[PDB]
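Letter by letter, the chains look like this.
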Amino acid sequence: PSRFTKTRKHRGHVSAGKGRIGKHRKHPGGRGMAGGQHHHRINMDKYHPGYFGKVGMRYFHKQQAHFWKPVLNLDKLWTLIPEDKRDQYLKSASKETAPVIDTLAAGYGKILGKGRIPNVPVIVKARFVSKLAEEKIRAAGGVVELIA
Amino acid sequence: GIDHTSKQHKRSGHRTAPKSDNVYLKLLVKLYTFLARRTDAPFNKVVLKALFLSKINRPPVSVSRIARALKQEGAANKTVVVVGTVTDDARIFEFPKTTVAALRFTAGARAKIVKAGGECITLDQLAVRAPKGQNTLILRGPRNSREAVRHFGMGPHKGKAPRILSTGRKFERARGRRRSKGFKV
Amino acid sequence: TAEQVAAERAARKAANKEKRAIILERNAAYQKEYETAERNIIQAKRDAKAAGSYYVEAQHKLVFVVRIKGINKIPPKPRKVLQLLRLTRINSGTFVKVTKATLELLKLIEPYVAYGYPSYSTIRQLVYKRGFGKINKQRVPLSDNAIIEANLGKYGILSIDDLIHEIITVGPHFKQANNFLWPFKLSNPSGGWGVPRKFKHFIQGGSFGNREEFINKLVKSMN
Amino acid sequence: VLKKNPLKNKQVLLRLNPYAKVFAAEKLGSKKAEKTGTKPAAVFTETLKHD
Amino acid sequence: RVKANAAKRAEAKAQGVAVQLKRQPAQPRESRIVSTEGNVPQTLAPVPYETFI
Amino acid sequence: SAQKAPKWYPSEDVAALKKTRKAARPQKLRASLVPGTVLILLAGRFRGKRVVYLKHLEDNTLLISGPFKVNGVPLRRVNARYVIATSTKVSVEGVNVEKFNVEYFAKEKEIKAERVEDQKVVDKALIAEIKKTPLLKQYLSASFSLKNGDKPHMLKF
RNA sequence: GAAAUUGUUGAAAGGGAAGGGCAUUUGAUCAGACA
RNA sequence: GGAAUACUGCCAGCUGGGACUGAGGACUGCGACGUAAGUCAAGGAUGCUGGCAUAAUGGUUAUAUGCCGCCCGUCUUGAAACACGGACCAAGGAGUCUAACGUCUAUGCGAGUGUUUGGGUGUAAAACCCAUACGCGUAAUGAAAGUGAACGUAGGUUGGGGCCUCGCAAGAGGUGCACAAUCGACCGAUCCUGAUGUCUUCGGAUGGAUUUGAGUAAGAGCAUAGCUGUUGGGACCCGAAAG
RNA sequence: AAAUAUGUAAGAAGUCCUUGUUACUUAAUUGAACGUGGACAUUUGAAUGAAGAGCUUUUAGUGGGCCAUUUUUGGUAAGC
RNA sequence: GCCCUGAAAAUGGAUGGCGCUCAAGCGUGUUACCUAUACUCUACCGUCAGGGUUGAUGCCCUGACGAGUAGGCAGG
Ligand SMILES: [Mg+2]
Ligand SMILES: [Mg+2]
Ligand SMILES: [Mg+2]
Ligand SMILES: [Mg+2]
Ligand SMILES: [Mg+2]
Ligand SMILES: [Mg+2]
Ligand SMILES: [Mg+2]
Ligand SMILES: [Mg+2]
Ligand SMILES: [Mg+2]
Ligand SMILES: [Mg+2]
Ligand SMILES: [Mg+2]
Ligand SMILES: [Mg+2]
Ligand SMILES: [Mg+2]
Ligand SMILES: [Mg+2]
Ligand SMILES: [Mg+2]
Ligand SMILES: [Mg+2]
Ligand SMILES: [Mg+2]
Ligand SMILES: [Mg+2]
Ligand SMILES: [Mg+2]
Ligand SMILES: [Mg+2]
Ligand SMILES: [Mg+2]
Ligand SMILES: [Mg+2]
Ligand SMILES: [Mg+2]
Ligand SMILES: [Mg+2]
Ligand SMILES: [Mg+2]
Ligand SMILES: [Mg+2]
Ligand SMILES: [Mg+2]
Ligand SMILES: [Mg+2]
Ligand SMILES: [Mg+2]
Ligand SMILES: [Mg+2]
Ligand SMILES: [Mg+2]
Ligand SMILES: [Mg+2]
Ligand SMILES: [Mg+2]
Ligand SMILES: [Mg+2]
Ligand SMILES: [Mg+2]
Ligand SMILES: [Mg+2]
Ligand SMILES: [Mg+2]
Ligand SMILES: [Mg+2]
Ligand SMILES: [Mg+2]
Ligand SMILES: [Mg+2]
Ligand SMILES: [Mg+2]
Ligand SMILES: [Mg+2]
Ligand SMILES: [Mg+2]
Ligand SMILES: [Mg+2]
Ligand SMILES: [Mg+2]
Ligand SMILES: [Mg+2]
Ligand SMILES: [Mg+2]
Ligand SMILES: [Mg+2]
Ligand SMILES: [Mg+2]
């Protein structure tokens, strides 16, 4: 709101907060991004290194979500099981009946390897698991079921 | 006239009361200002200043942080104090029992202490039990993991995160970021 | 509750009575200590003369300095040294232990200050009337020996005269006993500086530099 | 609430530093020193009055 | 000087006496009696201006 | 309400004084003020009258007679500081004066018959003694004034 | 029915501007404290 | 030969005159003087007396006297300026609002968060309510194909507040979050190494490298708001010669 | 070969004893690093001061200067 | 050394003026005096700080400090 603004406090003092020498003029130094390569260069290197030039390949008509592969970690992985039903599978810890986790139904496209899991075996239906993702699942007696 | 050796009328750079208007926060202060003044209890002092702190200075302590702290030798039975809010953490599984004193508990965190058999205590309750702060563990969150801290000290060869509104190749990746185009940072 | 006050009261009234006669004992011993010290030097001078020798006094260990110059237009080296001796203000003054380490702080500072060798009668009259202590910053007037004893007692020095004795003798706690004294804020000399123009050496026309014994007449007009 | 100057106000001069009492009462603001007869030898005055 | 200081503190602690290992600066001076035997003060005068060229 | 009320208000209890240490000690008059010294009255109704000093009252004033039958000044109070104390002194031995004190002149148009007697009483004694030294009666009837060139910082009085 | 600006009347001041500040004189004027 | 005096210095020696000040408001303190009971000039003025009880003090104002005072505003190293604007008065008259942002702050919730595109609803632009998605965050790293975060109580060392034990204390030992320094481990990039295999050229185990990254190492974010700063906009207000 | 100016040092992050680690290095169990365990805290190793020290973020204004002493360059000189 | 000559410019005129000659001049010494928003002590306003204590933006005790364009913040 207005009455909180400094420009209210500057009523009565000439020149607002702007200084009497260099005043406040329209656009000294140029509008917008002007002179990023000349008089603003010191600012652009240092705080925006790499601003100018090209890098990489062009990609024509790239559609996002062609790449859609949301990632999930063994760090959690057990959150996909509803919290009530969680404790029963955890105490059970049997290969005969082990919980089914369909990661793609939960909206994940790849299972990554962060964290540790408890020794309970699980059934992970997923596309794309990382190599350490699988290996920790099997060490707890689980398996990875490739799906799509 | 004087030749001063120090800036006159310079005020202490420390918070004298919290910037909040929350009346219950004020009360918690009013308690601990009494506590701090009339007791020795260095614990009380720290908590007094702790109550003044700004949100950026009161980063959440997760429920796993408390758990790993209780694994210090001889700490198992202390009661944790967190001036701030405590968060739930799914990543741990076996959580101990103990007791926690905090400003605020998140739903998950409350259920996760309680379902472990523990207890939820506010700071006034903690006060009545430990007037001198006996057998307390004080915990602070990691305030330096904040996003904004990525950008502090930005510079050439400083390795910090530039301020950028969009990310990928062709976004500030070229001239000055790589030996091949000009120089490197 | 009604009786136990006369317990704590009659207790301190006796521990006061005790601290008192200790000061009365000490101050008597200081009086003898000075009276005989001076008296020896006099005769030692007489003795040298009778022997056809010359007795040379020992150089003074103790020097009092008051800043007679304003706070404007001071060179930066002297401006530091002036602060490091705690004279940031015109006419204010402190004591300095005399060693070669502080002797050069008197060389660099010389055009802005007048200094000399203070007499017992000065140091006494300084500390009684203008004596102030430094207690958690704040400047405390020394009106009761307890104030001294509180802060300086760990060194000995429970009496304003123990302070005065500690000063004029230099000795073990001079550093701390001195630094306890708040710099003496003096008025301008009543009766004048006796020279037309101050800032010139005492040798040259007075005011600024080491006037040796003459610092005393000065400080006592200011004080 | 008032600085009082011990060099005036005898109440205070006694409040700090007893032996003020003794000092005054024994005088010794005065107190003649003893009387000695040492005479400076010869060479001293020979050089004192020298050119 | 730390060798010297360590060894000074040892010969002091072995005898149980005071240490004082921190140097003091030069202290002003002490009272002397200089004699006149053999030295009679030889009195001096300023000298008239003289050209030597 | 035309003006929002105070959230505080002060206490209408009146505080008691602290217990003040000021003794009432007795006045010391300057050496020159001794009963029977002729005074020069420096101000007041009778200013410039030459007057005889009798008794030092307990309210710090001086008992003055002057005496009435000579200069018209009656028995009366006078203040220490408004008086020049001369070097000529008539002896008051023969003057009772024990009866005149603070409450004598106590405010209690007309002149009391005891006053008038006490006047003649004290004066008949005084005029007697004044007659012992020649010209002292004339001197006391005359009025004092600084003539041209007088210098009170020189004049001995 | 404001201001600039003007008529009359009333008080005042004024030896080449006026107006300001501190201080008291003078004149004019006026508030505050007791039954 | 015996003094005196000057000079300089000291006295917790005694005393005369004048000036300004009287803060504080029961008591607490340090004392002094007394054989004593008491007394005091000892942590800030009391006693006694007089006059007036109103324009008397005082305020206001006009005048007079003494001393002092250049015209503001702006640019400027420098303005009273022989720099510029301003004859006078009134009323108007200039850092805004928006989109997206940096910090900091407060609030809500928190590994999540944002009800208001929309639907329900209504006392009807409000308030109240909600399904699916979506945006940001929860994974980084390569131009890219792609790969993708625990040797170890999520490591060692050096400091760390708090807490714990011993201790009457002074201290001694234990644990040590945040944070800082430093050595290590993990993930991507780059360069080696090239095992078991295999279809013979695919595959890439294992162990390395003064190399590298806006990374991991028991999450902090998301949203709403405020000051301040950013940029685009007529962009604090008025102004070109032009096109 | 000065004066004034200037670098470094005046301890606990130190010192000493004992003897662990290693692919470095040595002919060598030699050294070089980094450690375990033991010893020494009064003055805790000059003076003075210190009214506190350390640390982070963020943003205004400025980027015409001028003068005095001394040092000093161009100029006969200058309110250059 | 002081004094004289050397020593010529434009409105009328400046040891600041008047004036001053064993000075009111020049050199030097000795005191006494005058008076700054500076020093010293007190009262008051405010700012900062330290401490106490259950109109809480509270009440109390204690010390130090106070220049300012351009500019920042703060209370109004
Ligand atoms: Mg402003
Ligand atoms: Mg301003
Ligand atoms: Mg203006
Ligand atoms: Mg500004
Ligand atoms: Mg401007
Ligand atoms: Mg500018
Ligand atoms: Mg160019
Ligand atoms: Mg992991
Ligand atoms: Mg005088
Ligand atoms: Mg002078
Ligand atoms: Mg007659
Ligand atoms: Mg009008
Ligand atoms: Mg007209
Ligand atoms: Mg008028
Ligand atoms: Mg006029
Ligand atoms: Mg004034
Ligand atoms: Mg003699
Ligand atoms: Mg004398
Ligand atoms: Mg009073
Ligand atoms: Mg008046
Ligand atoms: Mg003038
Ligand atoms: Mg201009
Ligand atoms: Mg310009
Ligand atoms: Mg101007
Ligand atoms: Mg001009
Ligand atoms: Mg112009
Ligand atoms: Mg004009
Ligand atoms: Mg415009
Ligand atoms: Mg804008
Ligand atoms: Mg046109
Ligand atoms: Mg064109
Ligand atoms: Mg800038
Ligand atoms: Mg410029
Ligand atoms: Mg000039
Ligand atoms: Mg002339
Ligand atoms: Mg003159
Ligand atoms: Mg003469
Ligand atoms: Mg002369
Ligand atoms: Mg003024
Ligand atoms: Mg305070
Ligand atoms: Mg504190
Ligand atoms: Mg407080
Ligand atoms: Mg309270
Ligand atoms: Mg409060
Ligand atoms: Mg306030
Ligand atoms: Mg408070
Ligand atoms: Mg000041
Ligand atoms: Mg200011
Ligand atoms: Mg300032």
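When you look at the overall build of chain F in this model, what are you seeing that I'm missing?
From N to C terminus, chain F includes three helices and five strands. The helix and strand sequence of chain F, counted from the amino end, reads β-β-β-α-β-β-α-α. Principal axes of the C-alpha set define a box for chain F whose edges measure 85 × 45 × 35 Å. Of the roughly 12,100 Å² of accessible surface on chain F, 54% is carried by carbon and sulfur atoms.

Explain the nonpolar core to me, please; I cannot follow it from the model alone.
Generally speaking, soluble globular proteins have nonpolar side chains that are buried together. Residue and element names in this part refer to chain C. With 33 residues, the main nonpolar core has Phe64, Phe95, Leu163 and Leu186 as its most contacted residues. Elements that contribute at least two residues to this core include exactly β2 (62–67), α4 (120–130), α5 (145–152), α6 (160–168), α7 (174–180) and α8 (215–222). Not counting residues up to four positions away in its chain, the partners in contact with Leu163 are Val127, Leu142, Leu152, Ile157, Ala177, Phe180 and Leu181.

Mind showing me how you'd approach the sheet that holds strand β5 (residues 83–89) of chain F here?
Strand pairing in a sheet is mediated by backbone hydrogen bonds. Such pairs are either parallel or antiparallel. Residues and elements named next belong to chain F. What the five strands build is an open sheet, ordered β4-β3-β2-β1-β5; its pairing is antiparallel. Looking at which strands have only one partner, the edges of the open sheet turn out to be β4 (76–78) and β5. For this sheet the average axis-to-axis angle between neighbouring strands, irrespective of direction, equals 45 degrees. Pairing geometry for strand β1 (residues 37–41) and strand β2 (residues 50–56), over three bridges, is antiparallel. Residue pairing for β2: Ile40 is matched across the bridge by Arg50.

In this structure, what is going on with the interface of chain C and chain B? I would like to understand it.
Interfaces are often sized by the amount of accessible area the parts lose when they come together. Listed as interface residues are six residues of chain C and, on the opposing side, four residues of chain B. Buried area between chain C and chain B, both sides added, is near 500 Å², and the carbon and sulfur share of it is 54%. For the pair chain C and chain B, the number of links is one salt bridge. Between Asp3(B) and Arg79(C) there is a salt bridge, with its nearest N and O atoms 3.0 Å apart.

Just checking my understanding: could you explain the protein's contact with RNA strand I for this structure?
The environment of RNA strand I is made up of 34 residues, and the closest members are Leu84(C), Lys175(C), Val19(E), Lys22(E) and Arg23(E). A distance of 3.2 Å separates a phosphate oxygen of RNA strand I from a polar atom in the backbone of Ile21(A). When residues of the surface near RNA strand I are traced back to their parent elements, those giving at least two are α2 (76–84), α3 (100–108) and α7 of chain C together with α1 (2–15) of chain E. A total of five residues in the surface near RNA strand I trace back to one element, the largest contributor, which is α1(E). Of the residues belonging to the surface near RNA strand I, the class tally is nine nonpolar, 11 polar and 14 charged.

Please clarify how the arrangement of the chains should be interpreted in this entry.
Comparison of the five pairs of chains in contact shows the highest number of contacts for chains C and D. Regarding chain A and chain F, which are not in contact, the minimum distance between any of their C-alpha atoms is 24 Å.

So what exactly am I meant to see when it comes to the interface of chain C and chain D here?
With 27 residues of chain C at the contact, the number on the chain D side is 24 residues. Counting each side, the surface lost to burial between chain C and chain D is near 2,200 Å², with a carbon and sulfur contribution of 62%. Applying the counting rule to chain C against chain D returns one salt bridge. Its salt-bridge partner being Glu35(C), residue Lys31(D) comes within 2.7 Å of it at the nearest N-O pair. The interface formed by chain C and chain D contains nine residue pairs in polar contact. The element best represented in the side of chain C that touches chain D is helix α1 (residues 4–50) of chain C, accounting for 12 residues. Counted by class, the side of chain C that touches chain D contains nine nonpolar, eight polar and 10 charged residues.

Can you help me understand empty space enclosed by the protein in this one?
Leftover empty space is mapped by rolling, across the atoms, a probe with the size of a water molecule. By volume, the largest cavity amounts to about 40 Å³. Forming the boundary of the largest cavity are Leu77(A), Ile117(A), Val120(A), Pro121(A), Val122(A), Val124(A), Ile137(A), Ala140(A) and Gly142(A). The volume enclosed by the second largest cavity comes to roughly 30 Å³. Per-element tally for the lining of the second largest cavity: the top contributor is helix α3 (residues 43–48) of chain D, with three residues. Of the residues that constitute the lining of the second largest cavity, the class distribution is four nonpolar, four polar and no charged.

Mind showing me how you'd approach a positive patch on the surface here?
A cluster of basic residues, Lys54(A), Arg58(A), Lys62(A), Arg169(B), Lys170(B), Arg173(B), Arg178(B), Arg179(B), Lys181(B) and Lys184(B), forms a positive patch on the protein surface. The topology assignment puts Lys54(A) in the loop between α2 (41–44) and β1 (71–73). Residue classification places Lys54(A) among the exposed residues on the basis of a relative accessible area of 69%.

Help me understand the protein's contact with RNA strand H in this model?
Surrounding RNA strand H, one finds 127 residues, the nearest of these being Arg20(A), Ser20(B), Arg65(B), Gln72(B) and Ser121(C). Take the atoms of RNA strand H that sit within 4 Å of the protein: sugar and phosphate atoms are 67% of them. A distance of 3.3 Å separates a phosphate oxygen of RNA strand H from a polar side-chain atom of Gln125(C). Between RNA strand H and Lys21(D), the relevant distance is 3.2 Å, taken from a phosphate oxygen to a side-chain nitrogen or oxygen of the residue. Per-element accounting of the surface near RNA strand H gives the leading share, six residues, to α1(C). Here the residues of the surface near RNA strand H are counted per class, giving 37 nonpolar, 36 polar and 54 charged.

What am I meant to see in the sheet that holds strand β8 (residues 209–210) of chain C here?
With mixed pairing, the five strands of this open sheet are ordered in space as β7-β3-β2-β4-β8 (chain C). Single-partner strands in this sheet number two, and they are β7 (184–185) and β8 of chain C.

In this structure, what is going on with the side chain of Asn44(B)? I would like to understand it.
Residues and elements named next belong to chain B. Checked against the element boundaries, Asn44 lands in helix α2 (residues 42–52). One polar contact links the side chain of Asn44 to the main-chain carbonyl oxygen of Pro131, over a distance of 3.1 Å. With near-sequence residues (within four places) excluded, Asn44 lies in contact with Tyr32, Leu35, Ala36, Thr39 and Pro131.

Please explain unusual backbone geometry as it appears in this structure.
Across the chain, the bulk of peptide bonds are trans and the bulk of non-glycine residues have phi less than zero. All names here are of chain A. Notably, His61 is not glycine yet its phi reads approximately 45 degrees, a positive angle. Along the chain, the position of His61 falls in the loop between α2 and β1. A positive phi angle, near 60 degrees, is found at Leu77, a position not held by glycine. Among the structural elements, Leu77 can be located in the loop between β1 and α3 (83–92).

Would you mind showing me how to read the environment of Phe60(A) here?
Position of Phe60(A) among the secondary structure elements: in the loop between α2 and β1. Spatially, the C-alpha atoms of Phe60(A) and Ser15(A) are 53 Å apart, while their sequence positions differ by 45 residues.

Looking at this structure, I do not really get the pairing of strand β3 (residues 92–97) of chain C. What am I missing?
Remark: a regular strand shows side chains that alternate across the two faces of the sheet. Residues and elements named next belong to chain C. By the criterion of burial, β3 is predominantly enclosed, with five of the six residues buried. Alignment of β2 against β3, held across five bridges, turns out to be antiparallel. Considered in β3, the bridge of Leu62 is made with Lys97.

Would you mind going over α2(B) with me for this structure?
Note: α-helices contain 3.6 residues per turn, so residues at a spacing of three or four share the same orientation. Restricting attention to buried positions, one finds in α2(B) the residues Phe43(B), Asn44(B), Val47(B), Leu48(B), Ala50(B), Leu51(B) and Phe52(B). Among the structural elements, α1 (23–38), β2 (79–87), β3 (100–105), α5 (123–129) and β5 (136–138) of chain B are those in contact with the buried residues of α2(B).

Hey, could you run me through the pattern of salt bridges in this one?
A side chain of one charge can pair with a side chain of the opposite charge if their charged atoms are brought near each other. Throughout the structure, instances matching the rule amount to 19 salt bridges over all chains. A salt bridge links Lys99(F) to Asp118(F); the nearest nitrogen and oxygen atoms lie 3.0 Å apart. A relative accessible area of 33% means that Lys99(F) is categorised as partly exposed. Note on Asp118(F): relative accessible area 9%, which makes it buried. We note a salt bridge from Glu129(F) to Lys132(F), for which the minimum N-O separation is 2.9 Å. Overall, the relative accessible area of 26% leaves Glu129(F) in the partly exposed class. Assessed through its relative accessible area of 62%, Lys132(F) is described here as exposed. Linked by salt bridges that have partners in common, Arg41(A), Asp45(A) and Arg175(B) make up one network.

Rules used in this analysis
Here, residue numbers run from 1 along each chain following its sequence as written; these need not agree with the numbering used in the entry, and residues that have no coordinates do not appear. To read the labels, note that chains go from A and ligands from 1, taken in the order they are written. Any value mentioned applies to the visible chains, which represent part of a larger assembly rather than the whole. Neither water nor hydrogens contribute to the side-chain values; these are computed over all heavy atoms in the structure. Each helix corresponds to a stretch of at least 4 residues labelled H or I by DSSP, and each strand to a stretch of at least 2 residues labelled E; elements are numbered beginning at the N terminus. Using the Shrake-Rupley algorithm and a 1.4 Å probe, accessible areas are obtained, with residue cover drawn only from the displayed protein chains. The term nonpolar core refers to a set of buried residues drawn from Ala, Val, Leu, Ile, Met, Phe, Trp, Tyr and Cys, joined through side-chain atoms within 4.5 Å. Throughout this description, buried means an accessible area under 20% of the type-specific maximum (1.4 Å probe, protein chains only), exposed means over 50%, and partly exposed covers the range between. Working rule for contacts: check all heavy atoms of both residues, and any pair within 4.5 Å makes them a contact. We treat two strands as partners when DSSP finds at least two bridges between them. Axis lines are fitted to C-alpha atoms, over the contacting stretch for helices. Their N-to-C directions set the angle, which ranges from 0 to 180 degrees. Buried area is calculated as the accessible area (1.4 Å probe) missing from two parts once they are joined, with the contributions of both summed. Salt bridge, as used here: a side-chain nitrogen of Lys or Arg that lies within 4 Å of a carboxyl oxygen of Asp or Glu. Nearness is defined per residue: one heavy atom within 4 Å of the molecule or strand is enough. In protein, a polar contact means a hydrogen-donor-capable atom and an acceptor-capable atom, both N or O and within 3.5 Å, with residues adjacent in sequence counting only if both atoms are side-chain atoms; elsewhere, any N or O pair within 3.5 Å suffices. Residues were grouped as follows: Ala, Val, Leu, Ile, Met, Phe, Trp, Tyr, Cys and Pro as nonpolar; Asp, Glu, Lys and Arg as charged; and all remaining residues, including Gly, as polar. Site definitions follow a grid-based scheme: protein atoms alone, a 1 Å grid, a 1.4 Å probe that fits but cannot get out for cavities, and for pockets an open set with protein on both sides within 12 Å along at least five of seven lines, plus lining residues having an atom within 4 Å of a point. Grid points are joined across faces, edges and corners, and a volume is the space filled by probe spheres set on the points. Exposure above 30% relative accessible area and the lack of any salt bridge qualify a residue for a patch; like charges then connect within 9 Å, and the nonpolar side chains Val, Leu, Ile, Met, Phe, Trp and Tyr within 5 Å. Think of it this way: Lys and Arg go in the positive column, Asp and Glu in the negative one, and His and the chain ends go nowhere. A charge is said to be at NZ when it belongs to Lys, at CZ for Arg, at CG for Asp and at CD for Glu.

So far we have only geometry, and geometry alone does not tell us how the molecule works.
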